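Participant: Next input, structure requested:
(one chain, ligands or ions: 2)
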Amino acid sequence: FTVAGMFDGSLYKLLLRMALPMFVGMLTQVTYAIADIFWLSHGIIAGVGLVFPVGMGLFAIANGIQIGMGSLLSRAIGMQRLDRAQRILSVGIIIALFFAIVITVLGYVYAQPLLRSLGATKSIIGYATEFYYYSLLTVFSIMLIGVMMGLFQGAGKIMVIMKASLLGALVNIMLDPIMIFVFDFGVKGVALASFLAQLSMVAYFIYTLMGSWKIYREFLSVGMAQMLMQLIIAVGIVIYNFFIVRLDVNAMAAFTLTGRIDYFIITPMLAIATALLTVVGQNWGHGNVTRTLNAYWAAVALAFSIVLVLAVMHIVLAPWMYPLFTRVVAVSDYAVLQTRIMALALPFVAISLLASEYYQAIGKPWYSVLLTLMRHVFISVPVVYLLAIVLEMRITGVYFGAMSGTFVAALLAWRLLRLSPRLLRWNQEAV
Ligand SMILES: C[As](C)(=O)[O-]
Ligand SMILES: [Rb+]
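Facilitator: Numbers count the residues shown, from 1 in each chain. Ligands and ions are numbered 1, 2, ... in the order given. Coordinates below:
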């Protein structure tokens with residue numbers, strides 16, 4: 001429960017000490033893909049790909065249940081009531097349950113239309129509906145992982161999260177071959193290997209673990225808000241792609257290359273965000289607002305610094321790096337122009353994003369959603385359209401327009417995160 005350093009400590013040591021394990025954890029996630037495509041090396045069952053979005057749906061939902069958990073529990077632990085804490089574990093678990101059920105039943109009955117609105121059947125569909133159904137079979141397990149994630153994240157115990165990450169990655173590494181060789185299962189077998197690995201995680205979490213519509217409303221609101229933020233971001237990508245492709249198909253190919261790196265650069269900011277959730281939650285609940293504001297700014301310091309270094313390397317790397325990924329030159333050239341133009345807006349994502357965490361931690365999710373909309377919708381769209389169609393810049397206007405929003409939400413976060421009567425009264429009301 002304790003997490004030494006939380007209340008009286010240095011915030012930099014505290015933030016990093018929680019943020020590194022979580023980052024090792026996020027690193028293990030990759031080995032799934034790597035080991036998988038490694039053993040899949042030993043166009044019919046390729047329709048596994050067609051169902052890959054539904055997984056990304058589920059994880060997001062799972063993520064909601066995590067933050068809702070993490071946010072609530074960490075404040076209850078800060079108020080030293082492990083009373084609301086156990087209550088919270090029970091409610092969160094029940095939410096996880098109802099989500100699992102409504103999702104699997106609705107998913108089942110609407111199966112065929114959903115599957116239609118994804119990929120075409122001229123070859124692959126039976127495969128598609130088969131794997132769709134397996135995907136459905138993983139759902140309560142995923143929700144459970146979420147629950148646990150936010151459980152240990154809430155109480156600040158992140159070594160448990162990392163250690164479970166490692167155990168999972170290992171298990172998958174080992175079972176992949178056994179499934180393909182001992183059991184002759186194939187692609188199906190690498191999926192199953194991956195799922196058993198996740199269940200190994202849930203196992204480890206539970207074993208470790210051994211040793212009132214107001215609260216439903218609170219948990220629901222934070223969780224749903226989290227989900228709605230995921231959904232907003234998804235939309236942001238969608239709009240962007242729309243503009244890019246309708247202008248230049250190469251620009252699309254370019255983005256298709258840069259994306260995995262652009263995300264990777266972000267991820268350390270993500271782990272910082274996860275640590276900041278716990279810290280702000282637990283100090284908030286302890287009634288010290290001044291430290292929560294400091295925690296936010298300490299985080300923005302770390303996150304900005306790191307992401308900035310990485311974006312700069314991405315810039316210096318890109319002209320040499322991208323020409324090796326494709327033989328179409330305006331595709332690699334687009335990729336390079338994109339990176340040159342947009343890369344430095346990246347550290348500035350920390351200001352807005354991290355602020356969306358603060359408001360989640362203190363259970364005021366409206367301003368989280370607001371900041372996300374600021375970043376991805378309200379400014380970018382009219383400005384992109386102004387630069388890229390109206391003024392006659394084309395892909396370049398998209399590059400600039402898109403990042404304008406990032407800066408505006410950065411400014412809004414700067415103005416919001418500070419001692420105010422409203423914030424201080426929020427915390428009184430809370431405690
Ligand atoms: C009315 As209020 C919760 O913004 O102080
Ligand atoms: Rb972006």
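Participant: Okay, buried residues for stretch 162-176 please.
Facilitator: Of the residues in stretch 162-176, 162-169, 171-173, 175-176 count as buried by neighbour count, 16 or more other CB atoms under 10 Å. Where you see a C-beta, it was placed from the backbone N, CA and C, and this is true even at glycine.
Participant: Now for residue 420: which residues touch it?
Facilitator: Going by CB atoms under 8 Å, 6 or more residues apart in numbering, residue 420 touches no other residue.
Participant: quick one, phi/psi of it?
Facilitator: With angles defined as degrees, to the nearest 10, residue 420 sits at phi -150, psi 160.
Participant: Give me the packing partners of the longest helix belonging to the chain, helices and strands only.
Facilitator: Taking DSSP state H as the criterion, the chain has its longest helix at helix 249-285. Here helix 249-285 touches helix 11-39, helix 52-78, helix 139-154, helix 213-247, helix 289-321, helix 329-342, helix 349-361, helix 421-430, going by 3 or more CB pairs under 8 Å, 6 or more residues apart in numbering; DSSP states H and E.
Participant: Distance to residue 417 and secondary structure added to the buried residues of stretch 162-176, as JSON lines?
Facilitator: Formatted as JSON lines, these follow (distance: CB to CB, whole Å; DSSP: H, G, I helix; E, B strand; the rest coil):
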{"residue": "162", "distance to residue 417": "29", "secondary structure": "helix"}
{"residue": "163", "distance to residue 417": "33", "secondary structure": "helix"}
{"residue": "164", "distance to residue 417": "32", "secondary structure": "helix"}
{"residue": "165", "distance to residue 417": "31", "secondary structure": "helix"}
{"residue": "166", "distance to residue 417": "35", "secondary structure": "helix"}
{"residue": "167", "distance to residue 417": "37", "secondary structure": "helix"}
{"residue": "168", "distance to residue 417": "35", "secondary structure": "helix"}
{"residue": "169", "distance to residue 417": "36", "secondary structure": "helix"}
{"residue": "171", "distance to residue 417": "41", "secondary structure": "helix"}
{"residue": "172", "distance to residue 417": "40", "secondary structure": "helix"}
{"residue": "173", "distance to residue 417": "42", "secondary structure": "helix"}
{"residue": "175", "distance to residue 417": "45", "secondary structure": "helix"}
{"residue": "176", "distance to residue 417": "45", "secondary structure": "helix"}
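Participant: possible to save the residues you listed as a markdown table with distance to residue 209?
Facilitator: Shown next, in a markdown table, are the buried residues of stretch 162-176 (distance: CB to CB, whole Å):
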| residue | distance to residue 209 |
| --- | --- |
| 162 | 16 |
| 163 | 13 |
| 164 | 11 |
| 165 | 16 |
| 166 | 18 |
| 167 | 15 |
| 168 | 16 |
| 169 | 21 |
| 171 | 19 |
| 172 | 22 |
| 173 | 25 |
| 175 | 24 |
| 176 | 28 |
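Participant: from the helices and strands packed on helix 249-285, which stretch is densest packed?
Facilitator: helix 349-361 (a mean of 26; mean count of other CB atoms under 10 Å).
Participant: follow-up on the earlier one: now the helices and strands packed on helix 249-285 in CSV, please, with extra columns for distance to residue 105.
Facilitator: Output for the helices and strands packed on helix 249-285, formatted as CSV (distance: least, CB to CB, whole Å):
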stretch, distance to residue 105
helix 11-39, 28
helix 52-78, 15
helix 139-154, 10
helix 213-247, 19
helix 289-321, 40
helix 329-342, 42
helix 349-361, 29
helix 421-430, 37
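Participant: separation between residue 382 and residue 397?
Facilitator: As judged by CB to CB, to the nearest Å, residue 382 and residue 397 stand 12 Å apart.
Participant: Could you check which of those two is surrounded by more residues?
Facilitator: Per other CB atoms under 10 Å, whichever of residue 382 and residue 397 has more neighbours is residue 397, with 21 against 13.
Participant: where does the more buried one fall, phi/psi-wise?
Facilitator: phi -70, psi -30.
Participant: Help me confirm that it comes into contact with residue 403.
Facilitator: No. Residue 397 is not in contact with residue 403 according to CB atoms under 8 Å; the separation is 11.3 Å.
Participant: about what we covered before: which one of the helices and strands packed on helix 249-285 lies closest to residue 205?
Facilitator: Distance to residue 205, taken as CB to CB, is lowest for helix 139-154 among the helices and strands packed on helix 249-285, at 4.1 Å.
Participant: Now do the closest one: which elements does it pack against?
Facilitator: Packed against helix 139-154, as judged by 3+ CB pairs under 8 Å, 6+ apart, are the following elements: helix 52-78, helix 84-109, helix 158-181, helix 187-209, helix 249-285.
Participant: okay if I get these as TSV plus distance to residue 339?
Facilitator: Formatted as TSV, the helices and strands packed on helix 139-154 follow (distance: least, CB to CB, whole Å):
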stretch	distance to residue 339
helix 52-78	24
helix 84-109	38
helix 158-181	30
helix 187-209	32
helix 249-285	6
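Participant: circling back to that earlier point, and the helices and strands packed on helix 249-285: which comes nearest residue 193?
Facilitator: Taking CB to CB, helix 11-39 is the member of those nearest to residue 193, at 8.2 Å.
Participant: Remind me what the closest one packs against, helices and strands.
Facilitator: Using 3+ CB pairs under 8 Å, 6+ apart, helix 11-39 sits against helix 158-181, helix 187-209, helix 249-285, helix 289-321.
Participant: Format those as JSON lines; extra columns: distance to residue 37.
Facilitator: Formatted as JSON lines, the helices and strands packed on helix 11-39 follow (distance: least, CB to CB, whole Å):
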{"stretch": "helix 158-181", "distance to residue 37": "10"}
{"stretch": "helix 187-209", "distance to residue 37": "9"}
{"stretch": "helix 249-285", "distance to residue 37": "13"}
{"stretch": "helix 289-321", "distance to residue 37": "21"}
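Participant: Flag every buried residue along the longest helix of the chain.
Facilitator: 250-255, 257-258, 261-262, 265-285.
Participant: Please apply the same query to stretch 405-415.
Facilitator: Judged by neighbour count (16+ other CB under 10 Å), stretch 405-415 contains these buried residues: 405, 406, 407, 408, 409, 410, 412, 413.
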